[PDB]
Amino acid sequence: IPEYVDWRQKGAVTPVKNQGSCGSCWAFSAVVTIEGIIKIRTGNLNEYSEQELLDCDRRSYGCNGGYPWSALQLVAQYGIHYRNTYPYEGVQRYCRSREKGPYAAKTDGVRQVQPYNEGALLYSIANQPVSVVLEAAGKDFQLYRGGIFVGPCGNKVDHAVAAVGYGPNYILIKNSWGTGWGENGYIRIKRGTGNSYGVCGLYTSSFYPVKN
């Protein structure tokens, strides 16, 4: 695998968003991976709808929270519309996918990374952006501005984000808290400690879509 990865430099990452007060991190996580795989597979970089997942993933709980893997399964079975055709309203509503015309994109499956395994996650990121989870409730994570973050933070994960790259001592993470948080919306999380959870629980639960 390469020494350095950054899918932004391949034009596979859309601008940073802000989820607001809604508990929709799981949908923003999933869309990052969708935007990435469609660019890698088709050549187009486009913004897809987090609201559609919020409204239509019957296995999640709207603004109470949810699962990136179930969002990705829904996109594998049905598809997803463009974000501008189905914009973010910040509250759950009824599923309006049928009123939006044919889907803009569709994947063919979902895969899971074996947990607590830094190298398995690195291998997946080299192929495409990966949905991951972490503990974001600590003040240190909330006040982060740049550099390689070593914590403090525990492993009680609570927040889905996306890994869009890595380097020798870090993994590169795109958050959905606006550009005003972190390194222009991003954080470099330290890798290579002697902790099997990863720092901030980073290796707890990672998934990615597949698209023939």
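Residues carry their position along the shown sequence, with the first being 1.
### Query
Going by the B-factors listed in the PDB entry, is the mean over the C-alpha atoms higher for 134-142 or for 94-102?
Mean B over CA atoms: larger for 94-102.
### Task
Take the C-alpha B-factors listed in the entry for 173-181 and for 34-42, compute each mean, and give the stretch with the larger one.
34-42 has the higher mean C-alpha B-factor.
### Query
Going by the deposited entry, which of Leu53, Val150, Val161, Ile187 has the highest CA temperature factor?
Answer, based on the entry's C-alpha B-factors: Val150.
### Query
According to the PDB entry, is the CA B factor of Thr85 in the bottom, middle or top third of its chain, that is, lowest, middle or highest?
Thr85: CA B-factor falls in the highest third of its chain.
### Message
Sorting by Cα B-factor within the chain, modelled residues only, which third would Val16 end up in: lowest, middle or highest?
### Response
Lowest third of the chain for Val16's C-alpha B-factor.
### Task
Please rank the C-alpha B-factors of the chain's modelled residues and tell me whether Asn127 sits in the lowest, middle or highest third.
For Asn127, the deposited C-alpha B-factor lands in the middle third.
#### Entry: CA B-factor ranking of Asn212, expressed as a third of its chain
Top third by C-alpha B-factor.
### Message
Ranking the modelled residues of this chain by C-alpha B-factor as given in the entry, is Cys200 in the lowest, middle or highest third?
### Response
As the PDB entry reports it, the C-alpha B-factor of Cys200 lands in the lowest third of its chain.
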